[PDB]
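Visitor: chains from the complex, first installment, not repositioned:
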Amino acid sequence: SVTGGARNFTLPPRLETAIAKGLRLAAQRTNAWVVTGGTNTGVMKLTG
């Protein structure tokens, strides 16, 4: 399950690619069922 701020998401790109690389290797190695919020703003857009 990923939770976070929808419309107030503002991060640096290096930290965003670090969280995206860690979540990409975790979702690749885990084969997990990811539950986020359904909307297209912020970290649910990033996890999508």
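Guide: Perfect, thanks for sending it. Numbers count the residues shown, from 1 in each chain, chains lettered A, B, ... in the order given.
Visitor: wait, what's in contact with the residue positioned nearest the centre of chain A?
Guide: What sits nearest the mean C-alpha location of chain A, by CA atoms, centre = their mean, is residue A:47, with 3.4 Å. With contacts defined as CB atoms under 8 Å, 6 or more residues apart in numbering, residue A:47 is in contact with A:2, A:23, A:34, A:36. Every C-beta, even on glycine, is put in place using the N, C-alpha and C of the backbone.
Visitor: narrow the residues you listed to just the buried residues.
Guide: Neighbour-count burial (16 or more other CB atoms under 10 Å) is assigned, among those, to A:23, A:36.
Visitor: can I get the contacts of residue A:47 in TSV including distance to residue A:8?
Guide: Converted to TSV, the contacts of residue A:47 look like this (distance: CB to CB, whole Å):
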residue	distance to residue A:8
A:2	16
A:23	19
A:34	21
A:36	16
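Visitor: in the contacts of residue A:47, find the pair that's most separated.
Guide: Put simply, by CB to CB the two of the contacts of residue A:47 set farthest apart are A:23 and A:36, 10.9 Å from each other.
Visitor: can you count the residues close to the closest residue in space to residue A:46 that isn't next to it in sequence?
Guide: In space, residue A:46 comes closest to residue A:20 once its chain neighbours are excluded; the distance is 6.7 Å by CB to CB, 6 or more residues apart in numbering. Neighbour count of residue A:20, defined by other CB atoms under 10 Å: 13.
Visitor: with residue A:17 instead?
Guide: One way to gauge burial is a neighbour count; for residue A:17, by other CB under 10 Å, it gives 12.
Visitor: tell me the secondary structure at it.
Guide: The assignment at residue A:17 comes out as helix when based on DSSP: H, G, I helix; E, B strand; the rest coil.
Visitor: how far off centre is the helix or strand harbouring residue A:14?
Guide: Per DSSP states H and E, residue A:14 falls inside helix A:13-30. For helix A:13-30, the distance between its averaged C-alpha position and the chain's averaged C-alpha position is 8 Å (CA atoms, centre = their mean, to the nearest Å).
Visitor: what's the first helix or strand after it?
Guide: As the chain continues past helix A:13-30, the following element, by DSSP H and E, is helix A:43-47.
Visitor: what comes up buried for that following helix?
Guide: Within helix A:43-47, the residues that qualify as buried are A:43-44, A:46-47, counting by 16+ other CB under 10 Å.
Visitor: so how far is residue A:41 from residue A:19?
Guide: 17 Å (CB to CB, to the nearest Å).
Visitor: drop chain B onto that structure:
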Amino acid sequence: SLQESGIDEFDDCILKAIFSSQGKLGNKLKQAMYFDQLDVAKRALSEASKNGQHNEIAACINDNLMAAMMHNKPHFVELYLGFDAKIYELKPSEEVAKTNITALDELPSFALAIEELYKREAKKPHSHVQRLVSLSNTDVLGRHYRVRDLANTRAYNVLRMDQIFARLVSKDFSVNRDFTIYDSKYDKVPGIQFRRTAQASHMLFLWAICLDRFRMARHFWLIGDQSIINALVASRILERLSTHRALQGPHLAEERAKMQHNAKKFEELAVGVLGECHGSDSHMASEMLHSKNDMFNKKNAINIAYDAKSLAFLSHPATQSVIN
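Guide: Take a look at chain B, now in place beside the chains above:
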């Protein structure tokens, strides 16, 4: 902490949050096998063995061996042995259909897991297993020159691959199996919990001599008995896998050179056990090299090594003491 820790500590903190939850120990060891943290899962099983729980471990580790054989982790199948692993009680993922055969109905439900591992091994593209079964030209029970839906869905059973390895050593192997041992009625005899893993480990050793996995074949060679004879059988099966007829192109050649390298490692292992037999009681080692084998048609191990074509086993001083 994101900027104050490494990039490879994030799988450790997700697996620490996985081990924070309690009650899901097979899926916790499955995500420990996916995240490849061996010492953390060793600390988890050591803390569970220290606390006194064993029944959740004995429920978990049979599916953990099955998933660790399916996903190719040798250090995990080295680790789960020694904690009452019980190799013969493995269960497959799916259920095998009825094929109306009396020999196939006597398989005690781990042979279908070996056939599921062979079907998962043959599902990769450009695999040598599927081309070797397609160039074998044999039946479902492994009889030569007898070439159906049964012969296609059950094309990778363990008795057919046993007949392929029995033709792959020589013309005089004649491998024997006894699947009527695996029953609840044969429990009062003492030593049979040796024998019910050991031949069973030999079957997984034949799956680990098919897929070029050295560490798992070394570990099932450690678990099973008759180590010199199975090492020379391993060198002969890898030396006939190194040519066969499908590994003849330029695109497989380093792969078949890898076959030669594994073959060399098992023949070094055969010399080393006989090196320990040259270390003490060499008259007993000379009685061992003169002893007849029931896995062949009553030939000793020097004739087995000559049918293996193994130069290092023939050049040992104990074998040359028997020859001299």
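Visitor: what about the contacts of residue A:47 again, now that chain B is present?
Guide: By CB atoms under 8 Å, 6 or more residues apart in numbering or on different chains, the residues touching residue A:47 are A:2, A:23, A:34, A:36.
Visitor: ok, and the closest non-adjacent residue to the second one?
Guide: When you say that, I think you mean residue A:23. What sits nearest to residue A:23 in space, not counting adjacent residues and going by CB to CB, 6 or more residues apart in numbering or on different chains, is residue A:47, at 6.8 Å.
Visitor: isn't residue B:317 up against residue B:279?
Guide: No: no contact is recorded between residue B:317 and residue B:279 when judged using CB atoms under 8 Å, the distance being 11.5 Å.
Visitor: near chain B, which residues of chain A show up?
Guide: A:15, A:18-19, A:21-22, A:25-26, A:29-31 (CB under 8 Å from any CB of the partner chain).
Visitor: can you rerun that using 6 Å?
Guide: Contacts of chain A with chain B, taken as CB under 6 Å from any CB of the partner chain, map to A:22, A:26, A:29.
Visitor: the second one: what's it in contact with?
Guide: If a contact means CB atoms under 6 Å, 6 or more residues apart in numbering or on different chains, then residue A:26 has residue B:14 as its contacts.
Visitor: quick one: residues in contact with stretch B:145-154.
Guide: Applying CB under 6 Å, 6+ apart, the external contacts of stretch B:145-154 come out as B:99, B:137, B:139-140.
Visitor: ChimeraX command to pick out the buried ones of those residues?
Guide: Listed next is the ChimeraX selection for buried residues among the contacts of stretch B:145-154, using 16 or more other CB atoms under 10 Å in any protein chain shown:
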select /B:99,140
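Visitor: so where's the longest helix in chain B?
Guide: The helix of greatest length in chain B, counted in residues with DSSP state H as the criterion, is given as helix B:253-277.
Visitor: quick one: contacts of that helix?
Guide: Here helix B:253-277 makes contact (CB under 6 Å, 6+ apart) with B:214, B:227-228, B:231-232, B:234-235, B:238-239, B:241-242, B:247, B:285, B:310, B:312-313, B:316, B:318.
Visitor: buried subset of those residues?
Guide: With burial judged by 16+ other CB under 10 Å, the buried subset of the contacts of helix B:253-277 is B:214, B:228, B:231-232, B:234-235, B:238-239, B:241-242, B:247, B:285, B:310, B:312-313, B:316, B:318.
Visitor: and chain A, which of those contact it?
Guide: Restricting the buried ones among the contacts of helix B:253-277 to those near chain A - CB under 6 Å from any CB - leaves none.
Visitor: circling back to that earlier point, quick one: which of the contacts of residue A:47 is nearest residue B:323?
Guide: Nearest to residue B:323 out of the contacts of residue A:47 is residue A:23 (CB to CB; 64.6 Å).
Visitor: to the structure above, add chain C:
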Amino acid sequence: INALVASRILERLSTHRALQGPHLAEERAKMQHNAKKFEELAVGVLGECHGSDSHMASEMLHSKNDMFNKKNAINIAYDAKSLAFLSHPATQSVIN
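Guide: Time to bring in chain C:
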């Protein structure tokens, strides 16, 4: 003298007449390896004798031995058949 006697006894143990089969051959190669270690030790003590007082080392190599029938150590090394002791510069200084 005892190191060259050790190299000659291990060099005659390396053939003799009983160590002639194929089943002892690495064992007799082990004999050659030990023999080489003692002849290196003989060179090294003479290497210390080439380190200081080489005229005293030349008097040592000209000295007669009571453990043989009055022959010096270069004849003992020739009866040992030791190539490294004959190739030392102190022994070649006595020979030259």
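Visitor: in light of the added chain C, please revisit the contacts of residue A:47.
Guide: For residue A:47, the contact set (CB under 6 Å, 6+ apart) comprises A:2, A:36.
Visitor: one more time with 8 Å, if that's ok
Guide: Under the criterion of CB under 8 Å, 6+ apart, the contact partners of residue A:47 comprise A:2, A:23, A:34, A:36.
Visitor: quick one: end-to-end length of stretch B:91-105, please.
Guide: Start-to-end span of stretch B:91-105 (CA to CA, to the nearest Å) is 15 Å.
Visitor: what residues sit buried inside stretch B:136-156?
Guide: Neighbour-count burial for stretch B:136-156, with 16+ other CB under 10 Å as criterion, is recorded at B:136, B:138, B:140, B:142, B:154-156.
Visitor: residue 13: neighbouring residues, count only.
Guide: All of this is about chain A. Residue A:13 is surrounded by 8 other residues when neighbours are defined as other CB atoms under 10 Å in any protein chain shown.
Visitor: oops, I was thinking of chain B
Guide: Here the number of neighbours of residue B:13 (other CB under 10 Å) works out to 12.
Visitor: same check, this time on residue A:22
Guide: Going by other CB under 10 Å, the residues that sit close to residue A:22 add up to 18.
Visitor: flag every residue of the stretch 201-324 of chain B that's near chain C.
Guide: Applying the criterion CB under 8 Å from any CB, the portion of the stretch 201-324 of chain B that neighbours chain C consists of B:317-318, B:320-321, B:323-324.
Visitor: out of these, which are buried?
Guide: B:317-318, B:321.
Visitor: smallest gap between chain B and chain A, at which residue?
Guide: Checking chain B residue by residue against chain A with CB to the nearest CB singles out residue B:10 as nearest, at 4.1 Å.
Visitor: so who does the residue nearest to that residue when sequence neighbours are not counted touch?
Guide: Using CB to CB, 6+ apart and skipping residues adjacent in sequence, the residue nearest residue B:10 is residue A:22, 4.1 Å away. Residues in contact with residue A:22 (CB under 8 Å, 6+ apart) are B:7, B:10-11.
Visitor: related to what we said a few turns ago, nearest to residue A:7, of the residues of the stretch 201-324 of chain B next to chain C?
Guide: Distances from residue A:7 to these, taken as CB to CB, are shortest for residue B:318 (79.2 Å).
Visitor: that closest one belongs to a helix?
Guide: Yes: when the secondary structure is assigned by three-state DSSP, residue B:318 falls within a helix.
Visitor: OK, contacts around it?
Guide: Residue B:318 makes contacts with B:274, B:277-278, B:282, B:285-286, B:289, C:23, as judged by CB under 8 Å, 6+ apart.
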